[PDB]
Structures are given as C-alpha cells and as structure tokens.
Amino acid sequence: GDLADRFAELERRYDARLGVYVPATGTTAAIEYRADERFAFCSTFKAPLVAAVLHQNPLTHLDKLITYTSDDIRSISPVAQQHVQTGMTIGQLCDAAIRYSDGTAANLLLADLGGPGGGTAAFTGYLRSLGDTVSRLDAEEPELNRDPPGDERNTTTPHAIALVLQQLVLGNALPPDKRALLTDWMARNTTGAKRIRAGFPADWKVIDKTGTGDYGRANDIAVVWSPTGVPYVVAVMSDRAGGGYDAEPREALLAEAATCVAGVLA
C-alpha cells in the first residue's frame, strides 16, 4: 500500500492539512508527508527554547530567580500566574514551559536569551546553529500562535523541527546532563495525552511537547521508544486554513496520524 494515501484520507476526514516527519534510522526509512511545508510552531518551540537556555549557561543558572508581575501574564501561564509574588527560577520556568506549555515562562526564557526582539532573534539563531535554515521565531506569546496561514513568521517544517529534536534528545547538541534535563521535562509533559501518545501502544515510551493555535493548529513533537528501547523522532503538525481563524484544532487527527506511524514502526 501507500502511507501517503492514508495520510491524505485523514486530511479529507478531518478537513485539515497534515504534516509528518520521522527521520530514517539504522533500520528504518524516513516517514514524510508534506514534511517540507511550513506550519506554525505554536508552543512546540518551547522544547528547543529550553535547549537554547541550557546550551548557553552552566547548570547553576537553573537556580537563577526571575521576578515578574501580574502584568507580565499575557498568555496562558498555568504555573507562572501562581508565582508572581515569589518569582520562579530558570529551572522552574523550563519545567513550566515544557510540561504546562506556560506562555509567560517561555517569554521569560526568551528574555533570558536576550538581545533584540525580546529573545526571538536569539532563539532563531540557536536553530541556525543546529543546521536549521528554515525555522524562524518572530513574536512572543501569545501572538506567535495567531498569524494568518500565509505568514512565514513563527513557522517551521516537520522535517526541520524533527531534525532539531533528533539532535537535542538523541544527538550530541547538548552534553549528557543538559540532555537528560530536556528529556525528563518532555517525558513528564502534561499536555500531550491525546496526541502522539494516544497513537502509540502503552508499552512504548513517549516524550513530547504540544502546540496549539489559530486556524485549527494542532502540533505535537515527540521522541518515542519501542518496547525494546529503540528510539524514533515523530513530528506531527496540522491546521485547517480553510476553516477560519477559529477553526477547531483536532487532537484526534494527530492521534490517528501517530497510529499510522506506529503501524509502520512496530
């Protein structure tokens, strides 16, 4: 048969555009579907953002206390809005940014990278350093989730983001100790149970970072491990450009796409 047909059938059924990339491995071919089309990052950028902060600092930096006010809560911040009085360490912010997709935490981590545009230029530079000539981040939370479909700002490609995550989690872009921190935060993500996780059998490990936004945007990037401990990177991205800015994102589309991918990999 042809996996591409079955992805196209998902697009028809969900009235959505779907993007998939699984890098080839020692024993498997790549899986690609619209893998070089652009899709908005949404909150999926927070995994490589945490990697950028890790990369650029000794681990003692994770204890640096960042202070902020209620006026800094400008996006959905489940953790940060309950710590305005005490503030949050860079480590706590990393934790929140990944595991709770904390917007304010992401904005504070961007500010930590520093430079023009509140850290957005710095973030894009980190991606360039990892060989990503495609992806760009141009806005903070929450604006980065809400560009129209035709806007290249704040976009990546399944192919590009997959190769970034491969390096970070399974490669040598980070030293082992920084890598383990990123891996753990993603492994204990709380937002992802209905996406790639829901497409893989329960004896597979899944670590992930979700993203959600306007025009029906639903993304998930994961690293999965087979029951024998063989790893693969899975990037799935979707949107519904024809359904209006308020089109409903479809978690089940990512879960079904992931099921298709598990069938190939198992």
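From 1 onward, residues are counted along the sequence shown.
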Higher-B stretch (mean Cα B-factor, as the entry records it), 121-129 or 67-75: 67-75
Taking only the CA atoms, which stretch has the higher mean B-factor in the record, 51-59 or 225-233? 225-233
For the C-alpha B-factor as written in the entry, point me to the maximum among 190, 92, 85, 183. 85
Hey, out of 134, 161, 111, 96, whose CA B-factor is highest in the deposited coordinates? 134
Based on the deposited C-alpha B factors for this chain, I'd like to know if residue 14 is in the lowest, middle or highest third. highest
Divide the modelled residues of the chain into thirds by Cα B-factor and specify which third, lowest, middle or highest, holds residue 196. middle
Would the CA B-factor of residue 139 place it in the lowest, middle or highest third of its chain? middle
Among the modelled residues of its chain, the C-alpha B-factor of residue 36 falls in the third labelled middle
Would the CA B-factor of residue 24 place it in the lowest, middle or highest third of its chain? highest
